4 protein chains.
Amino acid sequence: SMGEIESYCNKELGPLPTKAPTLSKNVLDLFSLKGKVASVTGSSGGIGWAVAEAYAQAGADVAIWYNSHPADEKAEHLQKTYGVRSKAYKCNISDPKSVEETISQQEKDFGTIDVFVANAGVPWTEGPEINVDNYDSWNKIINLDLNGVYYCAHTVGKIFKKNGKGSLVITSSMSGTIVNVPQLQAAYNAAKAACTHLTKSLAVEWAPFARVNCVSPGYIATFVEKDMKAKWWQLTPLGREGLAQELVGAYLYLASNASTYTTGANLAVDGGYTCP
Amino acid sequence: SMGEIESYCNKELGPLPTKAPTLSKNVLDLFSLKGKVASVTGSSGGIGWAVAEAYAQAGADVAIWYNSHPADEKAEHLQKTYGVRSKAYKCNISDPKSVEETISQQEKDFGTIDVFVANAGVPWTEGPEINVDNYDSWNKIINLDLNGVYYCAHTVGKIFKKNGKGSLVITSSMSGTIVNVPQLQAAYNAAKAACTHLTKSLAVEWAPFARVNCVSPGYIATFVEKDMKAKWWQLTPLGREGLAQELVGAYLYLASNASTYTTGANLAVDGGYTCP
Amino acid sequence: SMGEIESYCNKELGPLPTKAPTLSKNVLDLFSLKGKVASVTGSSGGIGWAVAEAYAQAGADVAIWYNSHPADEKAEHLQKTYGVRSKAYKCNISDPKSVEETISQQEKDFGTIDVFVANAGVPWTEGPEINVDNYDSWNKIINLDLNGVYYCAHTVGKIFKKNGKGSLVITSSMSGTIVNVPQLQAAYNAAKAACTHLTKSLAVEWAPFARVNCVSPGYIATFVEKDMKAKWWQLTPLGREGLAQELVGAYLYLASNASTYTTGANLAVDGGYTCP
Amino acid sequence: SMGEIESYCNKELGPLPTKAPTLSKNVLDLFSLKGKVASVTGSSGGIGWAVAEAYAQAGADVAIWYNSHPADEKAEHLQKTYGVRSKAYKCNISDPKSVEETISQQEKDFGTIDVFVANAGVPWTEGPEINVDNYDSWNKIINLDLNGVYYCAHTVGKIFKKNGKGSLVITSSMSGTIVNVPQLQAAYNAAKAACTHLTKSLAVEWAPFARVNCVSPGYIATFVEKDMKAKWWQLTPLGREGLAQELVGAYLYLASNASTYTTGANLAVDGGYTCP
Ligand SMILES: NC(=O)c1ccc[n+]([C@@H]2O[C@H](COP(=O)([O-])OP(=O)(O)OC[C@H]3O[C@@H](n4cnc5c(N)ncnc54)[C@H](OP(=O)(O)O)[C@@H]3O)[C@@H](O)[C@H]2O)c1
Ligand SMILES: NC(=O)c1ccc[n+]([C@@H]2O[C@H](COP(=O)([O-])OP(=O)(O)OC[C@H]3O[C@@H](n4cnc5c(N)ncnc54)[C@H](OP(=O)(O)O)[C@@H]3O)[C@@H](O)[C@H]2O)c1
Ligand SMILES: NC(=O)c1ccc[n+]([C@@H]2O[C@H](COP(=O)([O-])OP(=O)(O)OC[C@H]3O[C@@H](n4cnc5c(N)ncnc54)[C@H](OP(=O)(O)O)[C@@H]3O)[C@@H](O)[C@H]2O)c1
Ligand SMILES: NC(=O)c1ccc[n+]([C@@H]2O[C@H](COP(=O)([O-])OP(=O)(O)OC[C@H]3O[C@@H](n4cnc5c(N)ncnc54)[C@H](OP(=O)(O)O)[C@@H]3O)[C@@H](O)[C@H]2O)c1
């Protein structure tokens, strides 16, 4: 121990200070994902598909994930439009054995994983908990939106550690920071808050070999009660819901060398909703 | 709804504004729990027993909970010493059925429940998650420290709604706000962050009939290695661990009429640890 | 240095760990202010007067502060109703020389100061900054609501350090955490956020001799546009404004031995407003 | 207002919902600043010069600011190297009159301003405030690091409102979120916390015509003692200080169309320092 400065955060960092990464002098090259492999869960859905296509535009090979809506045409669209390698995988992410099998298969098909986006999730749709007289809905949310996120993280983290590099982005939500009204959804709020702090916890644990960040989107447009959204608009400083395309910059920032000193951060993309 | 301002948070509040409570003119009377019934989970342990005895000193009947360390003599101690009603209940709080049965039995035994402290919990002891090859410890933490807290909350909330009054205090942790070092414990951190935000979520949902708050203790003297504790002291602005007696003021403040406009709040009692 | 554990926060703490305070075993005695001297600025106003009277009920001598509304009858009311020593002082807290003169006079009249509440402040009333084409209103807010708070803190802190004990409570606001709507008040929001973080900063700096905490009230009732408050009520989970009497428990908690491990904390008393 | 949903945040948004922007289908095009004019205060210094050159690489004209270190050759360097328009301006930003004159001159010289970075600032260097017998250093920090930021914001905001578009990025600091140790600097911490919340406040007020965000850097290599730096490294999860080139991605993300739904956000770029 003598003759070394040892970290208080994680002694696996080795003698301090650690070495800064080599970076391009041109800011635009920092955002490139050329030569990197990305794996995006929930990429048959709106947000995940937008991020997957953005990563392919940035040069990444993209592993697509789906559960009930096969996304093979999406992977083949990435294939043919951007000349990257892409393939879709079927997985129920609430099953930890299935998550491990899928990620191990992706590592074999692509060689490695450089960027992972833990994005799949489901909403709570049943209103006030106090009237829901069993726990299956609570457990469904926790099992996919928290446990499933962790199954993905734990599994891909072992790949990142083997290679000494990697970027994990978790899709949280403004629901992890505030309480949505008037549609009440305590179970989802709690799971996303756990996601946001799991991000910070894993950033510390994985610092020798990877960065971990999350994005917390606000309301993103996609046959929901018009007066309820009217109240959302009224409480949103920008005055509107967001588009999936307004999220891809944040996910590319965190995935790429643009953010090599950014870890444990939560990037709010919510139209200002968390400010009032 | 014409002629009535109705809430954007919870229309069960009825026509706004709601009526302010009647409060004693004397500040010390606000902290009294005379004529109220308290239920404190994990009150065979250090923090929970300190809070239970404090509530008894404030005049409350106290339902004591244990799992593996029977606390009947503690109940007994409270009845004898302070003249309040008290009885100890055995319950594995990770079992939702047992939680329901125990709280219903307490309602029968004491008549009602006015104050509930969801305090039982277990730590993560196994170091960095990346070396842990199964999910049993993760699941153990989530099932008691998050799901079990929610089983307690959902069950007692129906009592609060029926009676139109109640105060729920959840024991979170500074681990819900920061990432402990050097002992890495992502699963516990995630569960406690979920607890802190479940507090806020339920505060909104239960507003017509109850208040919901949490206390986030720092390191409390309640058997670990000497160098690790030393780094805790170095990072704590007050320079020491806390005593359980330094928590009871916060729990009495939130449980009593001293805090009738306080809901959804997280009260840090951590020696300043969350500040650096 | 050898043979001592030295703090990373503040080496003036001395060899770690520091000694825990001696505390009563009865929770209610922890809240007493008997034998202690309190100084409450802005105590001719609503919140400050409620806190002053609560501190006197708890047994404290109370120094009253006023600027444009003489409060001598208030001090004499404390005198005669509770048998404590009390006296009112005139001071424009935006004047740093006047603050130092007033606190030094109070130390002479009362012997010492044990509890200080930096509570005086003024609101921003002029709507959107972009239309206010000079800076006198901005500077008026910063000078009293931030600089004046610091003048008080810096001055009483020297007394706390001399005596080795003390508790500073700063009146912040939920405006230091969120952005009020629809009445826009950026200058006030910025000053109160600075207040909340000054609390945390001074908690670290003063840890060898004092604790520093703040209270962040929500809307407190006291001939303001009825539809504007209607929107406040709609966005407040409890559905109403608060009473000054609902704040005094928080100020007594932080002032007294009930909170001896609580420092750098922000206690939200806002009806849940910061949760949505 | 019958027939129109109007905002609870800012009725200048007009009838809700507001219209989404037109965005490129290609993620890399979102980060371009071609055809835009940027103004970066403190761009003779380390961070500001890095951001200015990054903006020029993205295609923006860049107005450079200096105070005591003339940066005309830097402007010159940008024009020469990247073919954009650039010129350096001398201004003491603590003087509100000079700030107004400088920004009006830039509007004349460049035609408009599309992006503003309020980055100039000075540190607190004098250790614990309790030993500092006057307020000159406190006032110096507040006047530049808070008031001067606001003078810049108020002035350029009127340009943004006139043109109906703009992006303001404020350089805050992790010191607005946590308390630096062991070098104690309450005045700087308070000013930066005010900056972070001024960001959110102005995001709400300017929503009809501009976005407002801030970046909170950690320790950036930009001459201090070796033991103190060593403790910084020990408390930083990544194990090192950051480079200014590791910040430019965040500033380009916020300045460009990559972030059109991002407003009121604080982007931490601190090596994880705010996590433990
Ligand atoms: N306003 C918003 O939409 C919003 C805001 C904040 C955060 N988020 C979060 O953004 C993420 C993406 O959601 P979205 O908005 O794009 O909604 P979405 O279109 O419904 O996407 C949901 C995705 O999750 C997958 N999924 C659902 N259950 C799964 C399971 N058991 N196992 C594996 N995958 C499963 C779905 O796959 P299949 O369709 O193939 O079954 C789908 O790809 C979620 O984490 C969401 O909570 C959304
Ligand atoms: N530094 C700290 O101590 C600290 C800091 C922050 C937060 N907390 C939290 O404080 C709470 C625990 O208090 P503590 O520190 O005093 O620890 P403790 O002395 O070990 O007590 C833990 C309590 O939880 C009970 N418990 C454990 N498993 C249970 C289960 N399945 N079902 C029902 N009850 C169970 C235990 O009962 P039995 O003993 O009878 O089995 C015991 O009463 C937890 O929420 C903890 O995370 C502690
Ligand atoms: N909804 C709320 O009311 C609310 C919410 C959150 C936080 N707060 C904060 O609570 C604190 C007390 O405010 P309040 O609600 O009780 O309003 P208030 O009744 O108007 O009290 C204002 C106090 O500040 C004093 N004051 C004003 N200017 C002063 C100056 N230059 N120098 C010294 N003292 C001065 C006033 O003294 P004189 O009257 O004698 O001139 C008065 O005692 C303030 O910090 C406020 O920002 C209020
Ligand atoms: N570790 C860090 O470096 C760190 C971390 C977080 C935040 N920040 C913030 O980054 C910004 C400064 O960048 P830096 O770190 O690169 O420090 P820096 O190299 O010393 O540059 C500071 C800039 O501020 C200018 N400046 C100083 N006083 C001024 C005044 N009265 N009027 C106008 N401009 C003035 C300076 O101009 P002249 O040199 O020409 O006088 C210089 O350009 C500040 O907001 C700082 O608080 C820095």
Side-chain angles (χ1 to χ4, degrees), chain A residues 5-10 13-14 16-20 23 25-28 30-31 54 57-58 200-201 203-204 207-208 218 221 230 233-243 245-250 252-253 256 258-272 274-276, chain D residues 5-10 13-14 16-20 23 25-28 30-31 54 57-58 200-201 203-204 207-208 218 230 233-243 245-250 252-253 256-272 274-276:
Chain A
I5 297 166
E6 298 157 41
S7 167
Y8 273 38
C9 294
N10 193 338
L13 284 165
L16 301 189
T18 58
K19 204 197 155 63
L23 298 181
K25 295 175 181 243
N26 185 287
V27 59
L28 283 156
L30 299 175
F31 288 88
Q57 290 168 348
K200 296 183 173 63
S201 301
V204 174
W233 303 335
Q234 290 179 304
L235 298 177
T236 303
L238 286 191
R240 60 181 177 86
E241 295 166 71
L243 309 177
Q245 189 69 357
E246 296 180 291
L247 295 175
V248 299
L252 182 63
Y253 166 73
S256 69
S259 59
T260 57
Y261 201 58
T262 308
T263 196
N266 173 39
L267 175 54
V269 186
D270 56 25
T274 51
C275 295
Chain D
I5 298 160
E6 76 162 29
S7 173
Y8 272 38
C9 303
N10 191 341
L13 290 158
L16 298 186
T18 56
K19 198 174 136 63
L23 295 169
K25 292 178 285 296
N26 186 272
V27 60
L28 298 175
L30 301 177
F31 289 86
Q57 289 168 347
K200 296 179 172 64
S201 300
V204 175
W233 302 336
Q234 291 180 305
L235 300 176
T236 304
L238 287 193
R240 60 179 178 86
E241 298 172 72
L243 308 178
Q245 189 68 0
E246 292 179 298
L247 296 175
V248 298
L252 181 65
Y253 166 75
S256 71
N257 273 0
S259 58
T260 59
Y261 201 58
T262 309
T263 198
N266 176 40
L267 178 42
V269 186
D270 61 18
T274 50
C275 292

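Reminder, nothing fancy here: chain letters follow the sequence lines and each chain counts from 1. Below, all heavy atoms of this structure are taken into account, side chains as well, without hydrogens, waters or symmetry copies.
With a 4.5 Å cut-off on side-chain heavy atoms, D:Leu30 and A:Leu252 do not count as touching.
Per-residue counts of heavy-atom pairs under 4.5 Å with chain A were compared for D:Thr236, D:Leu28, D:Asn26; the largest is that of D:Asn26. Of the listed residues (D:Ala265, D:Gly272, D:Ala58), the greatest number of heavy-atom pairs within a distance under 4.5 Å of chain A belongs to D:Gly272. Contact count versus chain A (heavy atoms, under 4.5 Å) is highest, among D:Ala207, D:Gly239, D:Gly264, D:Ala258, for D:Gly239. Among A:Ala268, A:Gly271, A:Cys275, the residue making the largest number of heavy-atom pairs under 4.5 Å with chain D is A:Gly271. Per-residue counts of heavy-atom pairs under 4.5 Å with chain A were compared for D:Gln245, D:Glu6, D:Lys200; the largest is that of D:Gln245. The candidate with the highest count of non-hydrogen atom pairs below 4.5 Å against chain D, out of A:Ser256, A:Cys9, A:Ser7, A:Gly14, is A:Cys9.
Residue contact with chain D, scored on non-hydrogen atoms closer than 4.5 Å, is absent for A:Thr274. With a 4.5 angstrom heavy-atom cutoff, A:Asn10 does not touch chain D via any of its atoms. Both the backbone and the side chain of A:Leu238 come within contact range of chain D, with heavy atoms under 4.5 Å apart. Of the two parts of D:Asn257, neither the backbone nor the side chain holds a non-hydrogen atom closer than 4.5 Å to a non-hydrogen atom of chain A.
A distance-only check finds no donor-acceptor pair linking the side chain of A:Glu241 to the backbone of D:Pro17 [under 3.5 Å].
Residues meeting the side chain to side chain contact (heavy atoms under 4.5 Å, CB included) test with D:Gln234, sequence neighbours left out: A:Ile5, A:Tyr8, A:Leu16, C:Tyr8, D:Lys231. Remark: A:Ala250 engages A:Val215, A:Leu267, A:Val269, D:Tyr253 in a side chain to side chain contact (heavy atoms under 4.5 Å, CB included) (not counting sequence neighbours).
In this structure, CG on A:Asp270 lies 9.0 Å from OG1 on D:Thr263, to the nearest 0.5 angstrom. A distance of 9.5 Å separates OH of A:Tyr261 from CG of D:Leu247, quoted to the nearest 0.5 Å. The OG1 atom of D:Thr18 sits 5.5 Å away from atom CZ of A:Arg240, with the distance rounded to the nearest 0.5 Å.
Residues A:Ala54 and D:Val27 approach most closely at O-CG1, 3.5 Å, considering heavy atoms.
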